[PDB]
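I have placed the structure first, in the form of structure tokens, so that the comments after it can refer back to it.
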Amino acid sequence: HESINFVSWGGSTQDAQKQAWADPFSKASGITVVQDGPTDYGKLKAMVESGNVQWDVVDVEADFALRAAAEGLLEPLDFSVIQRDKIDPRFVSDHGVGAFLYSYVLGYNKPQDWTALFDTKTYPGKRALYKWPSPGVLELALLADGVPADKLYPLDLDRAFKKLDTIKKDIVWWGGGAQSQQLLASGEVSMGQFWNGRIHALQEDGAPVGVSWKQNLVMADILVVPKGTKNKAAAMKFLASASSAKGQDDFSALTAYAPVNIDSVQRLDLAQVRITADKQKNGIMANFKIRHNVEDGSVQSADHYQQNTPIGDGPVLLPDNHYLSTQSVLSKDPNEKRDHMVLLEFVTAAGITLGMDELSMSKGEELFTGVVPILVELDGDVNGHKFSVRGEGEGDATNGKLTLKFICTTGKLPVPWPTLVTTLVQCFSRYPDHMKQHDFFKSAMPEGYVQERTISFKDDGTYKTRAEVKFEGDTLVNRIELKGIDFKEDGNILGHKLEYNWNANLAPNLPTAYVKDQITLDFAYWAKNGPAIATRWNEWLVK
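Just so we're on the same page, my numbering is the position in the sequence shown counted from 1, plus 108.
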């Protein structure tokens, strides 16, 4: 029996790493993974120097990964086991593999960029900043003081400290991710610098927190294996698993950090449907997280798991990994007296770049060249409240346009309309020419497909859905049975506390959607200068 000790930053991030990396890896390999930490560079150096290494795999910042490799603290990685070619070229080396990409972002309980941390008059309250000498604080201070992005390095330290001085009294230092989350989730600070994923975690927990991505500061974490590890072979197998496309995708989906495998689907937002082939069932699976604005000002998450299986016996297109991008608009018909929803949607397939090497693909594709009438019928049961919904309209696959009106035929809808949107015809997505080979949905027509989902609402119940999507004559029909269980009668769903819109889905939540606003933190600079800055930082910290 073999066991590895995995060391990370604790809290929601480490929970996600356990769930997305450790659990799958243990299942597959029979190797136990024990969760330890937090990452502490001192403790790492010390155990390496003493020759009694207790830590097998450690999550570290890129600056430290370079320094530690230079100081001889790390095992050289075994690229017979880790697929080096699949890792973002920027975040792989002889002594490290990329763990994930993230940003420091400005979190608040109105504020637009780092200058807001310095204006206590306009924006009152304490400000949260990272306690440890490390890329981020000095840079954002310089940016707030008018230094342009491209002229940050080398850091003008005197100027940065002078800028921080103007607010020293109002700074609350955070030493760890958990503390930063507590500082913001309670009102102890009003604003600050946070790891983006930590803010994501708070949002999904119903905390009312906002983010600006202006001048977001990009950095990467690296998985390293401390020199002298007693479990070298097992550590390497773990790095292989965690750095694979699947491990990266799953970790990204749980945290809103960005994956670092070139084969990972590069979505802009976790609400976009990530599609993968299910060879065994001759169909596809999908995953995504929808968000809904609550009237109290928070945001409620809806975690979707989807499986689609062809009804017919015919041959179908099994896609390469990609995603769907959806814009939805909810509205009301002023002349409609029943409980109802008017929905307008655009769906486009994306996530494979147009290339020469990537270029009619199925008989079913031909059924969608024109405008096609749609009928949706749903029979639902949520906590024993029965209800029916019927919708009609048209689909235009060429433009990926859906226009639909839905009626609740049984009276008042016992749930909010927004929560039914995703249940209430992906065969209408526009697939670009270079991607038509990846359109499972159209390929299964006209016999159709079965669409099954689990939708979990954070801190509330679950919908379970089973739908048949097929042609009946000229009409594309989506017939659905929905069963909902374990809802709170006074919760956001059964107590109708959700806004009638799709606004929570408008602002993307992954770092990859804000390249234009990114600033690259210079981890090579920090590798070389870190110790000297630390000295200066520690001195300044008690002045």
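Yeah, the Cβ is synthetic: ideal placement off N, Cα and C, and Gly gets one too.
query                                                                                                                                                                    : result
Starting from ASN646, trace the alpha helix (DSSP H) both ways and give me its first and last residue.                                                                   : 631 to 648
Can you tell me the Cα-Cα spacing of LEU292 and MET299, whole angstroms?                                                                                                 : 7 Å
How many angstroms separate the CA atom of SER111 from the CA atom of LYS354?                                                                                            : 22 Å
Since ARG267 is in the beta strand (DSSP E), which residue starts that stretch and which ends it?                                                                        : Segment 265 to 273 is the alpha helix (DSSP H) holding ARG267; no beta strand (DSSP E) there.
Do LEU483 and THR570 have their CB atoms nearer than 7 Å?                                                                                                                : no
Cβ atoms of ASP447 and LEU521: under 7 Å apart, would you say?                                                                                                           : yes
Please state the DSSP three-state secondary structure of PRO616.                                                                                                         : coil
Is the distance from the Cβ of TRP303 to the Cβ of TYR210 below 7 Å?                                                                                                     : yes
Do the CB positions of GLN323 and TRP222 come within less than 7 Å of each other?                                                                                        : yes
Tell me which same chain residues have a C-beta within less than 6 Å of the C-beta of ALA309, skipping the five on either side of it?                                    : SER120
According to DSSP, is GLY472 helix, strand or coil?                                                                                                                      : helix
Quick one: which unbroken alpha helix (DSSP H) runs of 4-plus residues sit fully inside the region 513 to 570? Chain order, please.                                      : 548 to 551
In whole angstroms, what separates the C-alpha of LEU528 from that of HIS430?                                                                                            : 24 Å
Helix, strand or coil for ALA364, going by three-state DSSP, please let me know.                                                                                         : coil
Please report the Cβ distance between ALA379 and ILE398, rounded to the nearest whole angstrom; I am assuming they are in contact, meaning their Cβ atoms lie under 8 Å. : 5 Å
Would you say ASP273 and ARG235 are within 7 Å of each other, going by their C-beta atoms?                                                                               : no
Hey, out of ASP428, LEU432, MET449, whose CA is closest to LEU438's CA?                                                                                                  : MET449
From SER288 to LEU248, what distance separates their C-alpha atoms?                                                                                                      : 17 Å
Quick check on the DSSP output: the beta strand (DSSP E) that includes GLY318 runs from which residue to which?                                                          : 318 to 332
Is the distance from the Cβ of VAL533 to the Cβ of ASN586 below 7 Å?                                                                                                     : yes
Going straight from the alpha carbon of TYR149 to that of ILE330, what length do you get?                                                                                : 13 Å
Report the option in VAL161, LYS194, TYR216, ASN217 whose CA atom is closest to the CA atom of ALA207.                                                                   : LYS194
Using a Cβ-Cβ cutoff of less than 7 Å, which residues in the same chain neighbour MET553 once the five nearest sequence positions on both sides are dropped?             : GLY472, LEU475, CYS535, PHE579
Assuming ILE627 and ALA364 make a contact with CB atoms under 8 Å, what is their CB distance in whole Å?                                                                 : That pair is no contact at about 19 Å.
So is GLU169 buried or exposed if we call it buried at 16+ other beta carbons inside 10 Å?                                                                               : buried
Using the Cα positions of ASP630 and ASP144, report the straight-line distance between them to the nearest angstrom.                                                     : 28 Å
Compute the beta-carbon to beta-carbon distance between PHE514 and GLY503, rounded to the nearest angstrom, for a pair I have assumed lies under 8 Å.                    : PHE514 to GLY503, Cβ: 14 Å. No contact.
Closest to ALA343 by C-alpha separation, out of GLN311, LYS605, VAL166, would be which residue?                                                                          : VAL166
Alpha carbon to alpha carbon, what distance is there between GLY405 and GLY314?                                                                                          : 9 Å
Reducing DSSP to helix, strand and coil, say where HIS308 ends up.                                                                                                       : helix
Would you please state the rounded distance, in angstroms, between the beta carbons of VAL141 and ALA130? I believe it to be under 8 Å.                                  : 4 Å
Find out if the Cβ-Cβ distance for the pair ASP171, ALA635 is shorter than 7 Å.                                                                                          : yes
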